[PDB]
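K.L.:
Structure provided below as structure tokens; questions to follow.
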Amino acid sequence: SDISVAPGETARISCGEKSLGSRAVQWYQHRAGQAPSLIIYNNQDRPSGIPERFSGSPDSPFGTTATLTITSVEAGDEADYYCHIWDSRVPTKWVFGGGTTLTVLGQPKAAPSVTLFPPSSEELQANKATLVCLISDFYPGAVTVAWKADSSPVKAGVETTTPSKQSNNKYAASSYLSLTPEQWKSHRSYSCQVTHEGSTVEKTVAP
Amino acid sequence: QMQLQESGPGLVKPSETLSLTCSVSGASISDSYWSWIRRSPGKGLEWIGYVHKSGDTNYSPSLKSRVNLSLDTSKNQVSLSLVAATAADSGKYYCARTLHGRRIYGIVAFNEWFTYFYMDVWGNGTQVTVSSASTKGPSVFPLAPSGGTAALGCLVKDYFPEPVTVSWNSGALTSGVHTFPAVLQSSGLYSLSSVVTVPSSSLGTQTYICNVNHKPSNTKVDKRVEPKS
Ligand SMILES: CC(=O)N[C@@H]1[C@@H](O)[C@H](O)[C@@H](CO)O[C@H]1O
């Protein structure tokens with residue numbers, strides 16, 4: 001079950017069922033926007049490059065659970081953590097266990113960088129129109145986006161992504177407003193309002 | 001040093017065969033085992049099977065004998081075939097160099113040891129979607145630029161399925177590039193934007209082209225984007 005720890009404390013993740021025989025448990029780290037990487041093998045051996053502050057458990061005594069332990073937790077430790085358990089008394093396991101997310105509390109807030117583009121001459125020439133609102137490098141990841149035709153709120157025609165965590169632990173998102181060229185030109189301007197952590201940024205474009 | 005580039009059709013019709021290929025450089029395919037893992041939308045990782053030059057090869061029984069892993073020494077490639085594609089076969093597929101170890105917990109002669117596997121080098125994986133729906137290439141549009149910097153980009157509109165790649169100036173421009181995760185439209189089609197933050201002073205002098213590739217539809221497009229009137 002997911003966990004959140006403050007920097008410089010330690011996290012423990014427990015994966016799989018209790019052992020029966022001897023084991024050789026591997027641990028995998030899957031950072032956001034990255035391929036998974038091996039961080040522990042043969043219970044507690046470390047590929048070169050993995051800091052000592054990552055540790056797996058012994059397979060003695062039996063009947064215990066594979067537990068990954070990270071001390072001196074830091075922002076970069078935010079990832080999903082799986083295990084691959086091999087047990088001398090159990091048939092080989094093909095699905096990875098775990099996937100527990102580690103949230104590192106107390107990272108600094110980052111305000112969204114918001115960029116609003118009007119529809120292009122080419123798109124308008126293809127008798128279509130799309131406002132493009134880009135929202136990047138913000139933390140925490142919760143955001144809400146509202147569109148305005150002049151001063152009237154617009155919900156119809158809007159497609160807004162779910163925020164996705166980047167490699168640098170910040171989030172990105174984007175929102176689209178589909179117009180007809182005639183609608184785009186009818187209101188005097190359009191606005192993209194992004195609200196994040198009690199602040200609302202407004203970007204505006206006009207024909 | 002070692003790099004794994006897995007490639008596939010990026011669309012497969014139900015009850016048809018999925019064929020994926022993993023290109024290897026920096027390493028000989030003969031020196032180790034090779035695995036495929038598939039992550040489904042959301043979380044989870046499923047080890048699909050592993051292959052070796054000596055032919056020590058096994059497969060997850062959950063895949064109901066539908067998969068084949070092979071090696072081509074001349075092309076230094078690993079192959080994955082997935083017969084009878086179903087919706088539950090979608091997701092991102094990883095190629096990964098797999099190494100073996102030996103857990104010896106007792107007396108060897110009494111067989112008191114087993115072989116385990118770990119996967120130390122993973123590729124970035126390739127997206128696979130199962131659907132009777134037809135591929136649609138994206139339409140690409142320029143997003144012209146207006147603190148001492150300017151943002152310009154490309155709109156990649158109405159494509160299916162994922163994924164598309166965006167490079168700038170043929171790869172030469174990566175500093176300050178943000179390619180945004182696609183939006184899934186209620187139409188079932190995808191869009192995405194690629195934006196680059198540039199020094200304002202360069203708007204006239206330097207040229208900016210976005211290179212969009214949507215392989216499933218064989219769509220390759222270059223869009224030149226410059227400031228407008
Ligand atoms: C072996 C391999 O594929 N390496 C690439 C790496 O070159 C690239 O910079 C990175 C982007 O996150 O994606 C990895 O998958």
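Quick note on naming: the chains in the structure tokens go A, B, ... in the order shown, residues restart at 1 in each chain, and ligands are numbered from 1 in order of appearance.
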Near segment 181-193 of chain A, counting only C-alpha atoms, which residues have an atom at most 7 Å away, once you skip same-chain residues fewer than 2 positions from it, shown as a tab-separated table (two decimals) with N, CA, C and O atoms, in the first residue's frame?
P.N.:
```tsv
chain	number	residue	atom	x	y	z
A	116	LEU	N	-0.41	29.49	-23.96
A	116	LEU	CA	-1.64	29.38	-24.72
A	116	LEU	C	-1.44	29.80	-26.18
A	116	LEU	O	-1.11	30.96	-26.45
A	124	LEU	N	-6.92	26.71	-39.57
A	124	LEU	CA	-8.06	27.55	-39.94
A	124	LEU	C	-8.38	27.37	-41.42
A	124	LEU	O	-9.54	27.43	-41.82
A	127	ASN	N	-10.54	24.62	-42.37
A	127	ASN	CA	-11.84	24.87	-41.74
A	127	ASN	C	-12.00	24.23	-40.36
A	127	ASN	O	-13.00	23.58	-40.08
A	128	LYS	N	-10.99	24.41	-39.52
A	128	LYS	CA	-11.01	23.92	-38.14
A	128	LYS	C	-10.25	24.89	-37.24
A	128	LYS	O	-9.52	25.75	-37.73
A	129	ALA	N	-10.40	24.73	-35.93
A	129	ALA	CA	-9.79	25.65	-34.98
A	129	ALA	C	-9.59	25.04	-33.59
A	129	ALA	O	-10.54	24.58	-32.95
A	133	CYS	N	-3.51	24.93	-24.84
A	133	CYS	CA	-3.03	25.42	-23.55
A	133	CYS	C	-2.08	24.42	-22.89
A	133	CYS	O	-2.48	23.32	-22.51
A	145	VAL	N	-8.39	23.34	-14.89
A	145	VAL	CA	-8.31	24.23	-16.06
A	145	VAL	C	-9.69	24.66	-16.52
A	145	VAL	O	-10.56	23.83	-16.77
A	146	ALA	N	-9.88	25.97	-16.65
A	146	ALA	CA	-11.14	26.51	-17.13
A	146	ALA	C	-10.92	27.36	-18.38
A	146	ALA	O	-9.91	28.06	-18.49
A	147	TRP	N	-11.86	27.29	-19.32
A	147	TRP	CA	-11.78	28.08	-20.54
A	147	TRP	C	-12.84	29.18	-20.57
A	147	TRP	O	-13.93	29.00	-20.02
A	148	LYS	N	-12.51	30.30	-21.20
A	148	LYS	CA	-13.42	31.44	-21.28
A	148	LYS	C	-13.50	32.01	-22.69
A	148	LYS	O	-12.48	32.30	-23.31
A	149	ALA	N	-14.72	32.16	-23.20
A	149	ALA	CA	-14.96	32.94	-24.41
A	149	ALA	C	-15.33	34.35	-23.98
A	149	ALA	O	-16.40	34.57	-23.42
A	150	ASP	N	-14.43	35.29	-24.23
A	150	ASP	CA	-14.54	36.61	-23.60
A	150	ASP	C	-14.62	36.30	-22.11
A	150	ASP	O	-13.67	35.79	-21.52
A	179	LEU	N	-12.81	24.70	-31.66
A	179	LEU	CA	-13.74	25.70	-32.17
A	179	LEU	C	-13.99	25.48	-33.64
A	179	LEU	O	-13.24	24.79	-34.32
A	195	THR	N	-5.61	26.77	-12.40
A	195	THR	CA	-5.56	26.93	-10.95
A	195	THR	C	-4.72	25.86	-10.28
A	195	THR	O	-4.96	24.66	-10.46
A	200	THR	N	-4.53	31.18	-9.59
A	200	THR	CA	-5.08	30.98	-10.93
A	200	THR	C	-4.35	31.88	-11.94
A	200	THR	O	-4.31	33.10	-11.81
A	201	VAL	N	-3.73	31.25	-12.94
A	201	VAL	CA	-3.03	31.97	-13.99
A	201	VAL	C	-3.94	32.09	-15.21
A	201	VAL	O	-4.58	31.11	-15.60
A	202	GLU	N	-4.01	33.27	-15.80
A	202	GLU	CA	-4.82	33.47	-16.99
A	202	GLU	C	-3.96	33.87	-18.18
A	202	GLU	O	-3.20	34.83	-18.11
A	203	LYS	N	-4.08	33.11	-19.26
A	203	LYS	CA	-3.44	33.46	-20.52
A	203	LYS	C	-4.53	33.74	-21.55
A	203	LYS	O	-5.55	33.05	-21.58
A	204	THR	N	-4.31	34.75	-22.39
A	204	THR	CA	-5.35	35.20	-23.29
A	204	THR	C	-4.87	35.35	-24.73
A	204	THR	O	-3.73	35.74	-24.97
A	205	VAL	N	-5.74	35.04	-25.67
A	205	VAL	CA	-5.44	35.18	-27.08
A	205	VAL	C	-6.64	35.77	-27.80
A	205	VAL	O	-7.79	35.54	-27.41
A	206	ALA	N	-6.38	36.54	-28.85
A	206	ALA	CA	-7.46	37.19	-29.59
A	206	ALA	C	-7.22	37.05	-31.08
A	206	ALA	O	-6.07	36.92	-31.52
A	207	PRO	N	-8.30	37.04	-31.86
A	207	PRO	CA	-8.18	37.02	-33.33
A	207	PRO	C	-7.96	38.42	-33.90
A	207	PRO	O	-8.34	38.70	-35.04
```
K.L.:
Mind checking which residues fall within 7 Å of residue 16 of chain B, counting only C-alpha atoms, ignoring those fewer than 5 positions away in the same chain, and posting them as a count of residues only?
P.N.:
3
K.L.:
Write out as a short mmCIF file (atom, residue, chain, number, x, y, z; two decimals) with N, CA and C atoms, in the first residue's frame which residues come within 9 Å of residue 136 of chain A when counting only C-alpha atoms, dropping same-chain ones fewer than 4 positions away.
P.N.:
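File produced: around_10.cif:
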```cif
data_model
loop_
_atom_site.label_atom_id
_atom_site.label_comp_id
_atom_site.auth_asym_id
_atom_site.auth_seq_id
_atom_site.Cartn_x
_atom_site.Cartn_y
_atom_site.Cartn_z
N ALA A 111 5.26 26.49 -9.44
CA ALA A 111 4.14 27.10 -10.15
C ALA A 111 4.14 26.65 -11.61
N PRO A 112 2.94 26.40 -12.16
CA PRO A 112 2.83 25.96 -13.56
C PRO A 112 3.34 27.02 -14.54
N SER A 113 4.01 26.55 -15.59
CA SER A 113 4.39 27.41 -16.70
C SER A 113 3.34 27.23 -17.79
N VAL A 114 2.55 28.28 -18.03
CA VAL A 114 1.39 28.17 -18.91
C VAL A 114 1.56 28.89 -20.24
N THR A 115 1.37 28.15 -21.33
CA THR A 115 1.48 28.72 -22.66
C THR A 115 0.24 28.43 -23.51
N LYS A 170 8.08 16.61 -11.26
CA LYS A 170 7.11 17.69 -11.43
C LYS A 170 6.08 17.09 -12.38
N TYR A 171 5.02 17.83 -12.65
CA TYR A 171 3.95 17.34 -13.51
C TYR A 171 3.78 18.17 -14.78
N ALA A 172 3.16 17.57 -15.78
CA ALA A 172 2.78 18.28 -16.99
C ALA A 172 1.33 17.99 -17.31
N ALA A 173 0.68 18.93 -17.98
CA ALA A 173 -0.69 18.74 -18.43
C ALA A 173 -0.96 19.67 -19.60
N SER A 174 -2.07 19.44 -20.29
CA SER A 174 -2.43 20.26 -21.44
C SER A 174 -3.94 20.22 -21.65
N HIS B 178 9.82 20.37 -24.51
CA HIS B 178 8.79 19.68 -23.75
C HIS B 178 7.79 19.05 -24.72
N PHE B 180 4.55 17.01 -24.78
CA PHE B 180 3.49 16.71 -23.83
C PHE B 180 2.79 15.37 -24.08
#
```
K.L.:
When you look at segment 187-196 of chain B with a cut-off of 9 Å (counting only C-alpha atoms), what residues show up, excluding the ones that are within fewer than 3 positions of it in the same chain? I need them as number ranges by chain.
P.N.:
A: 132, 134, 174; B: 136, 138, 143, 150-164, 166-168, 173-184, 210
K.L.:
Those same residues, written as an mmCIF file, in the first residue's frame with N, CA and C atoms?
P.N.:
```
data_model
loop_
_atom_site.group_PDB
_atom_site.id
_atom_site.type_symbol
_atom_site.label_atom_id
_atom_site.label_comp_id
_atom_site.auth_asym_id
_atom_site.auth_seq_id
_atom_site.Cartn_x
_atom_site.Cartn_y
_atom_site.Cartn_z
ATOM 1 N N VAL A 132 -4.692 25.851 -27.911
ATOM 2 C CA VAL A 132 -3.773 24.930 -27.256
ATOM 3 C C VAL A 132 -3.185 25.530 -25.979
ATOM 4 N N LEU A 134 -0.809 24.802 -22.779
ATOM 5 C CA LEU A 134 0.212 23.915 -22.220
ATOM 6 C C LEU A 134 0.631 24.310 -20.806
ATOM 7 N N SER A 174 -2.071 19.441 -20.291
ATOM 8 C CA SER A 174 -2.434 20.258 -21.439
ATOM 9 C C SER A 174 -3.938 20.222 -21.653
ATOM 10 N N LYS B 136 -4.991 6.099 -37.941
ATOM 11 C CA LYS B 136 -5.151 7.405 -38.555
ATOM 12 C C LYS B 136 -3.890 8.204 -38.287
ATOM 13 N N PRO B 138 -1.582 11.513 -37.914
ATOM 14 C CA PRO B 138 -1.868 12.831 -37.342
ATOM 15 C C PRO B 138 -1.786 13.925 -38.397
ATOM 16 N N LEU B 143 2.736 25.926 -34.176
ATOM 17 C CA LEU B 143 2.319 26.849 -33.134
ATOM 18 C C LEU B 143 3.336 27.996 -33.042
ATOM 19 N N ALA B 150 11.073 32.846 -25.922
ATOM 20 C CA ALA B 150 9.817 32.626 -26.631
ATOM 21 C C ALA B 150 9.515 31.137 -26.768
ATOM 22 N N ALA B 151 8.233 30.785 -26.706
ATOM 23 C CA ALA B 151 7.823 29.398 -26.864
ATOM 24 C C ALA B 151 7.130 29.179 -28.205
ATOM 25 N N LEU B 152 7.589 28.170 -28.937
ATOM 26 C CA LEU B 152 6.970 27.774 -30.194
ATOM 27 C C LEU B 152 6.900 26.256 -30.214
ATOM 28 N N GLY B 153 5.989 25.704 -31.004
ATOM 29 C CA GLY B 153 5.825 24.261 -31.024
ATOM 30 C C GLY B 153 5.014 23.687 -32.167
ATOM 31 N N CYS B 154 4.608 22.430 -32.004
ATOM 32 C CA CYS B 154 3.825 21.719 -33.008
ATOM 33 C C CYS B 154 2.624 21.027 -32.393
ATOM 34 N N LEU B 155 1.480 21.161 -33.054
ATOM 35 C CA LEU B 155 0.287 20.429 -32.659
ATOM 36 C C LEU B 155 0.151 19.180 -33.521
ATOM 37 N N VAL B 156 0.120 18.018 -32.874
ATOM 38 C CA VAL B 156 -0.072 16.750 -33.572
ATOM 39 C C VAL B 156 -1.485 16.236 -33.318
ATOM 40 N N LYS B 157 -2.316 16.285 -34.353
ATOM 41 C CA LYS B 157 -3.765 16.199 -34.188
ATOM 42 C C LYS B 157 -4.428 14.949 -34.775
ATOM 43 N N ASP B 158 -5.326 14.358 -33.990
ATOM 44 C CA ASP B 158 -6.171 13.236 -34.411
ATOM 45 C C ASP B 158 -5.564 11.959 -34.966
ATOM 46 N N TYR B 159 -4.717 11.316 -34.178
ATOM 47 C CA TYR B 159 -4.025 10.130 -34.653
ATOM 48 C C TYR B 159 -4.434 8.905 -33.844
ATOM 49 N N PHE B 160 -4.165 7.724 -34.386
ATOM 50 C CA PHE B 160 -4.465 6.480 -33.684
ATOM 51 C C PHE B 160 -3.735 5.320 -34.343
ATOM 52 N N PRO B 161 -3.083 4.480 -33.527
ATOM 53 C CA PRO B 161 -2.996 4.653 -32.073
ATOM 54 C C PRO B 161 -1.734 5.408 -31.661
ATOM 55 N N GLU B 162 -1.438 5.395 -30.364
ATOM 56 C CA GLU B 162 -0.141 5.846 -29.877
ATOM 57 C C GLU B 162 0.912 4.945 -30.519
ATOM 58 N N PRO B 163 2.192 5.318 -30.401
ATOM 59 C CA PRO B 163 2.609 6.657 -29.991
ATOM 60 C C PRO B 163 3.174 7.422 -31.181
ATOM 61 N N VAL B 164 3.401 8.721 -31.009
ATOM 62 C CA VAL B 164 4.151 9.498 -31.986
ATOM 63 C C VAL B 164 5.390 10.064 -31.311
ATOM 64 N N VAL B 166 8.408 13.188 -31.391
ATOM 65 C CA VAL B 166 8.722 14.518 -31.890
ATOM 66 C C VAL B 166 10.173 14.858 -31.598
ATOM 67 N N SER B 167 10.924 15.144 -32.655
ATOM 68 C CA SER B 167 12.275 15.659 -32.513
ATOM 69 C C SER B 167 12.296 17.064 -33.094
ATOM 70 N N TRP B 168 13.282 17.857 -32.692
ATOM 71 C CA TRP B 168 13.432 19.201 -33.227
ATOM 72 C C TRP B 168 14.763 19.352 -33.948
ATOM 73 N N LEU B 173 18.266 19.865 -31.611
ATOM 74 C CA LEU B 173 17.723 20.764 -30.609
ATOM 75 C C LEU B 173 16.936 19.972 -29.579
ATOM 76 N N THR B 174 17.486 19.881 -28.371
ATOM 77 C CA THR B 174 16.817 19.178 -27.281
ATOM 78 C C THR B 174 16.717 20.033 -26.032
ATOM 79 N N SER B 175 17.639 20.979 -25.902
ATOM 80 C CA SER B 175 17.619 21.921 -24.790
ATOM 81 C C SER B 175 16.306 22.699 -24.773
ATOM 82 N N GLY B 176 15.523 22.515 -23.713
ATOM 83 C CA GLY B 176 14.292 23.265 -23.532
ATOM 84 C C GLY B 176 13.093 22.726 -24.295
ATOM 85 N N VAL B 177 13.144 21.445 -24.653
ATOM 86 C CA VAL B 177 12.044 20.802 -25.364
ATOM 87 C C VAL B 177 11.109 20.051 -24.417
ATOM 88 N N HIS B 178 9.821 20.368 -24.507
ATOM 89 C CA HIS B 178 8.791 19.675 -23.749
ATOM 90 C C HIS B 178 7.794 19.050 -24.721
ATOM 91 N N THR B 179 7.850 17.730 -24.876
ATOM 92 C CA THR B 179 6.833 17.010 -25.638
ATOM 93 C C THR B 179 5.769 16.478 -24.678
ATOM 94 N N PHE B 180 4.554 17.009 -24.783
ATOM 95 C CA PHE B 180 3.486 16.707 -23.827
ATOM 96 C C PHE B 180 2.791 15.371 -24.078
ATOM 97 N N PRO B 181 2.495 14.635 -22.992
ATOM 98 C CA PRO B 181 1.702 13.404 -23.067
ATOM 99 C C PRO B 181 0.418 13.660 -23.833
ATOM 100 N N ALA B 182 0.045 12.704 -24.675
ATOM 101 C CA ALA B 182 -1.120 12.844 -25.529
ATOM 102 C C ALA B 182 -2.397 12.988 -24.716
ATOM 103 N N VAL B 183 -3.393 13.613 -25.328
ATOM 104 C CA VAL B 183 -4.727 13.644 -24.763
ATOM 105 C C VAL B 183 -5.552 12.598 -25.504
ATOM 106 N N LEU B 184 -6.347 11.829 -24.768
ATOM 107 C CA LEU B 184 -7.263 10.889 -25.394
ATOM 108 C C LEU B 184 -8.618 11.547 -25.552
ATOM 109 N N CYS B 210 9.904 20.888 -36.485
ATOM 110 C CA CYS B 210 9.566 19.713 -35.687
ATOM 111 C C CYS B 210 9.411 18.485 -36.582
#
```
K.L.:
For the interface of chain B with ligand 1 (cut-off 6 Å, counting only C-alpha atoms and all ligand atoms), please tabulate each contacting residue of chain B alongside its nearest pair of atoms and their separation in Å to one decimal, rows sorted by chain and increasing number, as CSV.
P.N.:
```
residue,atom,partner,partner_atom_place_in_ligand_line,distance
B:3,CA,ligand 1,1 (C),3.3
B:4,CA,ligand 1,1 (C),4.3
B:5,CA,ligand 1,3 (O),5.4
B:123,CA,ligand 1,3 (O),4.5
B:124,CA,ligand 1,15 (O),3.7
```
